[PDB]
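File shown here: coords27.txt, holding compact mmCIF, C-alpha atoms and all ligand atoms.
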```
# COMPACT_ATOMS: atom_id res chain seq x y z
CA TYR A 4 4.43 28.31 -5.78
CA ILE A 5 1.09 27.55 -7.65
CA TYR A 6 -2.10 27.09 -5.54
CA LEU A 7 -3.44 23.88 -7.22
CA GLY A 8 -0.08 22.06 -7.02
CA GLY A 9 0.22 23.15 -3.38
CA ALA A 10 -3.31 21.85 -2.70
CA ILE A 11 -2.43 18.46 -4.33
CA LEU A 12 0.76 18.28 -2.19
CA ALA A 13 -1.02 19.38 1.03
CA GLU A 14 -3.15 16.20 1.18
CA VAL A 15 -0.35 13.80 0.01
CA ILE A 16 2.13 15.21 2.53
CA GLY A 17 -0.66 15.66 5.17
CA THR A 18 -1.73 11.99 5.10
CA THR A 19 1.98 10.95 5.04
CA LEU A 20 2.47 13.13 8.17
CA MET A 21 -0.55 11.39 9.85
CA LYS A 22 0.96 7.96 9.12
CA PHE A 23 3.78 8.43 11.70
CA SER A 24 4.52 5.83 14.45
CA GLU A 25 3.03 5.54 17.94
CA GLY A 26 6.75 5.81 18.94
CA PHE A 27 8.90 8.97 18.75
CA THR A 28 9.04 10.91 15.42
CA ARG A 29 11.57 13.68 14.66
CA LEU A 30 10.24 17.23 13.99
CA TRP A 31 6.51 16.37 14.42
CA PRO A 32 4.39 19.09 16.18
CA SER A 33 1.32 17.61 17.96
CA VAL A 34 -0.73 20.54 16.55
CA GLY A 35 0.69 19.76 13.03
CA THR A 36 -2.32 17.99 11.44
CA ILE A 37 -4.61 20.81 12.62
CA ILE A 38 -2.20 23.34 11.00
CA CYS A 39 -2.11 21.14 7.84
CA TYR A 40 -5.96 21.21 7.60
CA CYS A 41 -5.95 25.03 8.01
CA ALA A 42 -3.26 25.35 5.30
CA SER A 43 -5.03 22.82 2.99
CA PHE A 44 -8.42 24.55 3.18
CA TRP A 45 -6.82 28.01 2.58
CA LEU A 46 -5.03 26.59 -0.53
CA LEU A 47 -8.29 24.97 -1.74
CA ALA A 48 -10.13 28.32 -1.41
CA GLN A 49 -7.46 30.05 -3.54
CA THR A 50 -7.58 27.11 -6.02
CA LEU A 51 -11.38 27.25 -6.48
CA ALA A 52 -11.34 31.08 -6.73
CA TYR A 53 -8.81 31.26 -9.58
CA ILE A 54 -9.32 27.99 -11.56
CA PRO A 55 -12.66 26.56 -12.92
CA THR A 56 -14.15 24.47 -10.08
CA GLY A 57 -14.88 21.20 -11.99
CA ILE A 58 -11.43 21.28 -13.68
CA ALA A 59 -9.59 21.86 -10.38
CA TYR A 60 -11.38 19.03 -8.51
CA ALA A 61 -10.96 16.60 -11.48
CA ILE A 62 -7.19 17.39 -11.67
CA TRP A 63 -6.81 17.21 -7.85
CA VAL A 64 -8.26 13.65 -7.60
CA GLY A 65 -6.44 12.61 -10.81
CA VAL A 66 -2.91 13.62 -9.78
CA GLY A 67 -3.46 12.74 -6.07
CA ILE A 68 -4.42 9.08 -6.68
CA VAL A 69 -1.37 8.42 -8.92
CA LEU A 70 0.99 10.34 -6.63
CA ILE A 71 -0.06 8.67 -3.32
CA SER A 72 -0.21 5.18 -4.89
CA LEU A 73 3.23 5.55 -6.55
CA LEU A 74 4.78 7.10 -3.38
CA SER A 75 3.24 4.41 -1.12
CA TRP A 76 4.29 1.48 -3.37
CA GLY A 77 7.72 2.92 -4.32
CA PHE A 78 9.14 4.17 -1.04
CA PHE A 79 6.95 2.68 1.72
CA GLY A 80 6.90 -0.84 0.18
CA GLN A 81 3.11 -1.31 0.18
CA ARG A 82 1.07 -4.01 -1.67
CA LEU A 83 -1.07 -3.27 -4.76
CA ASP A 84 -2.79 -6.70 -4.80
CA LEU A 85 -4.61 -6.70 -1.40
CA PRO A 86 -8.49 -7.12 -1.46
CA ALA A 87 -9.44 -3.42 -0.99
CA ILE A 88 -6.91 -2.24 -3.63
CA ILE A 89 -8.56 -4.59 -6.18
CA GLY A 90 -11.93 -2.79 -5.60
CA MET A 91 -10.18 0.62 -5.66
CA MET A 92 -8.81 -0.11 -9.17
CA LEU A 93 -12.42 -0.33 -10.48
CA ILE A 94 -13.27 3.05 -8.87
CA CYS A 95 -10.09 4.63 -10.37
CA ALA A 96 -10.80 3.16 -13.84
CA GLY A 97 -14.43 4.42 -13.61
CA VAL A 98 -13.20 7.88 -12.49
CA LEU A 99 -10.86 8.01 -15.53
CA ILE A 100 -13.78 7.15 -17.88
CA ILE A 101 -15.93 10.05 -16.54
CA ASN A 102 -12.90 12.42 -16.62
CA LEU A 103 -12.21 11.54 -20.32
CA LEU A 104 -15.82 12.66 -21.13
CA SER A 105 -15.43 15.93 -19.11
CA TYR B 4 -20.42 2.07 11.02
CA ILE B 5 -21.69 5.54 9.89
CA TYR B 6 -18.50 7.63 10.44
CA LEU B 7 -17.16 7.60 6.84
CA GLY B 8 -20.58 8.53 5.38
CA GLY B 9 -20.93 11.20 8.10
CA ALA B 10 -17.46 12.68 7.38
CA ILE B 11 -18.24 12.96 3.62
CA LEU B 12 -21.71 14.29 4.54
CA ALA B 13 -20.31 16.99 6.89
CA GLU B 14 -18.22 18.45 4.00
CA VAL B 15 -21.43 18.49 1.86
CA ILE B 16 -23.54 19.99 4.73
CA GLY B 17 -20.82 22.66 5.34
CA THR B 18 -20.71 23.41 1.61
CA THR B 19 -24.54 23.70 1.59
CA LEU B 20 -24.46 26.03 4.63
CA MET B 21 -21.73 28.13 2.93
CA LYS B 22 -23.68 28.36 -0.38
CA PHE B 23 -27.02 29.10 1.37
CA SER B 24 -25.62 31.78 3.74
CA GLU B 25 -24.89 34.63 1.29
CA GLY B 26 -25.43 38.15 2.74
CA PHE B 27 -24.67 39.32 6.28
CA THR B 28 -28.07 40.40 7.69
CA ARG B 29 -28.70 36.64 8.04
CA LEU B 30 -29.00 35.04 11.51
CA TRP B 31 -26.50 32.19 10.96
CA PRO B 32 -22.80 32.91 11.83
CA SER B 33 -19.83 31.75 9.67
CA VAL B 34 -18.45 29.99 12.80
CA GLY B 35 -21.39 27.48 12.70
CA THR B 36 -20.31 26.49 9.17
CA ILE B 37 -16.69 26.28 10.50
CA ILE B 38 -17.94 23.85 13.23
CA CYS B 39 -19.46 21.66 10.45
CA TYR B 40 -16.02 21.64 8.73
CA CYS B 41 -14.26 20.89 12.09
CA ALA B 42 -16.72 18.01 12.56
CA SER B 43 -15.78 16.49 9.13
CA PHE B 44 -12.09 16.25 10.12
CA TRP B 45 -13.01 14.89 13.58
CA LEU B 46 -15.37 12.30 11.95
CA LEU B 47 -12.48 11.33 9.62
CA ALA B 48 -10.34 10.82 12.79
CA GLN B 49 -13.15 8.58 14.18
CA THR B 50 -13.20 6.77 10.77
CA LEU B 51 -9.43 6.15 10.88
CA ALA B 52 -9.66 4.39 14.28
CA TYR B 53 -10.53 1.04 12.60
CA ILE B 54 -10.23 1.89 8.85
CA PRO B 55 -6.91 2.29 6.87
CA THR B 56 -6.22 5.69 5.19
CA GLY B 57 -6.37 4.46 1.55
CA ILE B 58 -9.59 2.49 2.01
CA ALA B 59 -11.30 5.57 3.50
CA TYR B 60 -9.90 7.71 0.63
CA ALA B 61 -11.16 5.27 -2.08
CA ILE B 62 -14.78 5.43 -0.81
CA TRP B 63 -14.55 9.24 -0.42
CA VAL B 64 -13.17 9.44 -4.03
CA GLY B 65 -16.00 7.13 -5.28
CA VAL B 66 -18.56 9.56 -3.82
CA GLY B 67 -16.24 12.49 -4.85
CA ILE B 68 -16.54 11.80 -8.60
CA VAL B 69 -20.37 11.97 -8.13
CA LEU B 70 -19.84 15.30 -6.26
CA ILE B 71 -17.67 16.54 -9.21
CA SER B 72 -20.42 15.37 -11.62
CA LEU B 73 -23.22 17.23 -9.75
CA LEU B 74 -20.96 20.33 -9.62
CA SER B 75 -20.21 19.98 -13.38
CA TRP B 76 -23.86 19.44 -14.37
CA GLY B 77 -25.82 21.68 -11.96
CA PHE B 78 -29.38 20.62 -12.90
CA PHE B 79 -29.80 17.05 -14.27
CA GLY B 80 -29.68 16.54 -18.08
CA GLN B 81 -30.60 13.64 -20.38
CA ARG B 82 -29.84 9.96 -19.60
CA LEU B 83 -26.24 8.68 -19.52
CA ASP B 84 -24.44 7.15 -22.51
CA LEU B 85 -22.98 3.60 -22.65
CA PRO B 86 -19.29 4.37 -21.63
CA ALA B 87 -20.50 6.68 -18.83
CA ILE B 88 -22.85 3.91 -17.54
CA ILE B 89 -19.87 1.48 -17.55
CA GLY B 90 -17.62 4.04 -15.74
CA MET B 91 -20.29 4.73 -13.10
CA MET B 92 -20.93 0.95 -12.76
CA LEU B 93 -17.18 0.30 -12.22
CA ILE B 94 -17.30 2.83 -9.33
CA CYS B 95 -20.41 0.96 -8.00
CA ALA B 96 -18.63 -2.43 -8.32
CA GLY B 97 -15.54 -1.16 -6.46
CA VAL B 98 -17.64 0.12 -3.54
CA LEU B 99 -19.54 -3.23 -3.49
CA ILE B 100 -16.20 -5.11 -3.24
CA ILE B 101 -14.86 -2.74 -0.52
CA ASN B 102 -18.07 -2.96 1.57
CA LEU B 103 -18.07 -6.81 1.27
CA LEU B 104 -14.63 -7.00 2.97
CA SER B 105 -14.67 -8.73 6.40
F1 LIG C 201 -14.49 21.05 -3.84
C1 LIG C 201 -13.78 20.39 -2.88
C2 LIG C 201 -12.65 19.70 -3.24
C3 LIG C 201 -11.92 19.01 -2.27
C4 LIG C 201 -12.33 19.01 -0.90
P1 LIG C 201 -11.37 18.10 0.39
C5 LIG C 201 -9.63 18.68 0.41
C6 LIG C 201 -9.16 19.70 -0.47
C7 LIG C 201 -7.81 20.07 -0.51
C8 LIG C 201 -6.91 19.44 0.33
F2 LIG C 201 -5.60 19.77 0.27
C9 LIG C 201 -7.31 18.47 1.22
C10 LIG C 201 -8.66 18.09 1.28
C11 LIG C 201 -12.13 18.44 2.02
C12 LIG C 201 -12.76 17.41 2.78
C13 LIG C 201 -13.40 17.69 3.99
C14 LIG C 201 -13.41 18.99 4.46
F3 LIG C 201 -14.07 19.27 5.61
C15 LIG C 201 -12.79 20.03 3.77
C16 LIG C 201 -12.15 19.76 2.56
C17 LIG C 201 -11.42 16.30 0.03
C18 LIG C 201 -10.75 15.34 0.84
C19 LIG C 201 -10.71 13.99 0.49
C20 LIG C 201 -11.35 13.57 -0.67
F4 LIG C 201 -11.27 12.27 -1.04
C21 LIG C 201 -12.07 14.45 -1.46
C22 LIG C 201 -12.11 15.81 -1.11
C23 LIG C 201 -13.52 19.72 -0.59
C24 LIG C 201 -14.23 20.42 -1.57
```
Go ahead and express the file in the form of structure tokens.
Ligand SMILES: Fc1ccc([P+](c2ccc(F)cc2)(c2ccc(F)cc2)c2ccc(F)cc2)cc1
Amino acid sequence: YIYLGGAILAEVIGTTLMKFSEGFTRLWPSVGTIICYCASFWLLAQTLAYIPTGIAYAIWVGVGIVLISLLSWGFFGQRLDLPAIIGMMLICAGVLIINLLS
Amino acid sequence: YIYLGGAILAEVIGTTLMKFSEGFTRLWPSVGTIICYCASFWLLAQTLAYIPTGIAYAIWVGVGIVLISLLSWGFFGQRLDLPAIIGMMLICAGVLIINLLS
């Protein structure tokens, strides 16, 4: 499967893997995050080799923000109106404006 | 704290070490650059002791669009246009809100 899509997934899944309980979690290796970083950085290296570097990083932030925010709101029941999220919206709107001119 | 700035900075320092260290007669070993990358992930783990994952990500993304812009531009060009100034200012405003959280 495609390197860039794998790289986008690697962070979204990786952070979701880090967000596990202090209790017991099924199927979680304690070396898992360290493996996920090694996998993520290998995928990134392939991604930057074979796609234009500015394009790849602009797409990676762009998809990743929408995907984590939709996943977190939709299936983990999280709030979009909390103080930090309100500041984050301005960053994400500003990021879109620069990306439209790129 | 200085952990979040340090974690972002370690990725930039490691990138700078990687870009500088072309050739193989050079004194510096690739492992030293790997230690700078290992440090960034460890500094992120220190960051996530008292900071939520999304809040840390939003600040990293706010700097990240500037990192994309420097990568896209290389050398600096002429002064920014009105929508670009607004988009950059919205990123500035979001960081100002996030850093004024108690
Ligand atoms: F050109 C680039 C583009 C992206 C990165 P990235 C990244 C890429 C792919 C992935 F699957 C997970 C993380 C990163 C951050 C600290 C490091 F030590 C190594 C990589 C990263 C993480 C969070 C963020 F908000 C922005 C970038 C580095 C250089």
Distance filter 7 Å, all atoms listed in the file, chain A against chain B, as number ranges by chain: A: 57, 60, 87, 90-91, 93-94, 97-98, 100-101
For the contact check between chain A and ligand LIG 201 (chain C), emit one row per residue of chain A within 9 Å, containing the shortest atom pair and the distance in Å rounded to one decimal, counting only C-alpha atoms and all ligand atoms, chain then rising number order, as JSON lines.
```
{"residue": "A:7", "atom": "CA", "partner": "C:LIG201", "partner_atom": "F2", "distance": 8.8}
{"residue": "A:9", "atom": "CA", "partner": "C:LIG201", "partner_atom": "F2", "distance": 7.7}
{"residue": "A:10", "atom": "CA", "partner": "C:LIG201", "partner_atom": "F2", "distance": 4.3}
{"residue": "A:11", "atom": "CA", "partner": "C:LIG201", "partner_atom": "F2", "distance": 5.7}
{"residue": "A:12", "atom": "CA", "partner": "C:LIG201", "partner_atom": "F2", "distance": 7.0}
{"residue": "A:13", "atom": "CA", "partner": "C:LIG201", "partner_atom": "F2", "distance": 4.7}
{"residue": "A:14", "atom": "CA", "partner": "C:LIG201", "partner_atom": "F2", "distance": 4.4}
{"residue": "A:15", "atom": "CA", "partner": "C:LIG201", "partner_atom": "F2", "distance": 8.0}
{"residue": "A:17", "atom": "CA", "partner": "C:LIG201", "partner_atom": "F2", "distance": 8.1}
{"residue": "A:39", "atom": "CA", "partner": "C:LIG201", "partner_atom": "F2", "distance": 8.4}
{"residue": "A:40", "atom": "CA", "partner": "C:LIG201", "partner_atom": "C9", "distance": 7.1}
{"residue": "A:42", "atom": "CA", "partner": "C:LIG201", "partner_atom": "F2", "distance": 7.9}
{"residue": "A:43", "atom": "CA", "partner": "C:LIG201", "partner_atom": "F2", "distance": 4.1}
{"residue": "A:44", "atom": "CA", "partner": "C:LIG201", "partner_atom": "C7", "distance": 5.8}
{"residue": "A:45", "atom": "CA", "partner": "C:LIG201", "partner_atom": "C7", "distance": 8.6}
{"residue": "A:46", "atom": "CA", "partner": "C:LIG201", "partner_atom": "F2", "distance": 6.9}
{"residue": "A:47", "atom": "CA", "partner": "C:LIG201", "partner_atom": "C7", "distance": 5.1}
{"residue": "A:48", "atom": "CA", "partner": "C:LIG201", "partner_atom": "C7", "distance": 8.6}
{"residue": "A:50", "atom": "CA", "partner": "C:LIG201", "partner_atom": "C7", "distance": 8.9}
{"residue": "A:51", "atom": "CA", "partner": "C:LIG201", "partner_atom": "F1", "distance": 7.4}
{"residue": "A:56", "atom": "CA", "partner": "C:LIG201", "partner_atom": "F1", "distance": 7.1}
{"residue": "A:57", "atom": "CA", "partner": "C:LIG201", "partner_atom": "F1", "distance": 8.2}
{"residue": "A:59", "atom": "CA", "partner": "C:LIG201", "partner_atom": "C2", "distance": 8.1}
{"residue": "A:60", "atom": "CA", "partner": "C:LIG201", "partner_atom": "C2", "distance": 5.5}
{"residue": "A:61", "atom": "CA", "partner": "C:LIG201", "partner_atom": "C2", "distance": 9.0}
{"residue": "A:63", "atom": "CA", "partner": "C:LIG201", "partner_atom": "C3", "distance": 7.8}
{"residue": "A:64", "atom": "CA", "partner": "C:LIG201", "partner_atom": "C21", "distance": 7.3}
```
CA of residue 81 (chain A) to CA of residue 22 (chain A), distance in Å rounded to a single decimal: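 So the two atoms, CA of residue 81 (chain A) and CA of residue 22 (chain A), lie 13.1 Å apart.
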Cα RMSD of chain B after least-squares fit onto chain A, all atoms paired in order: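 Here the RMSD amounts to 6.0 Å.
One finds CA of residue 35 (chain B) at 12.8 Å from CA of residue 23 (chain B).
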Length of the CA of residue 21 (chain B) to CA of residue 77 (chain B) vector [Å]: 16.7 Å
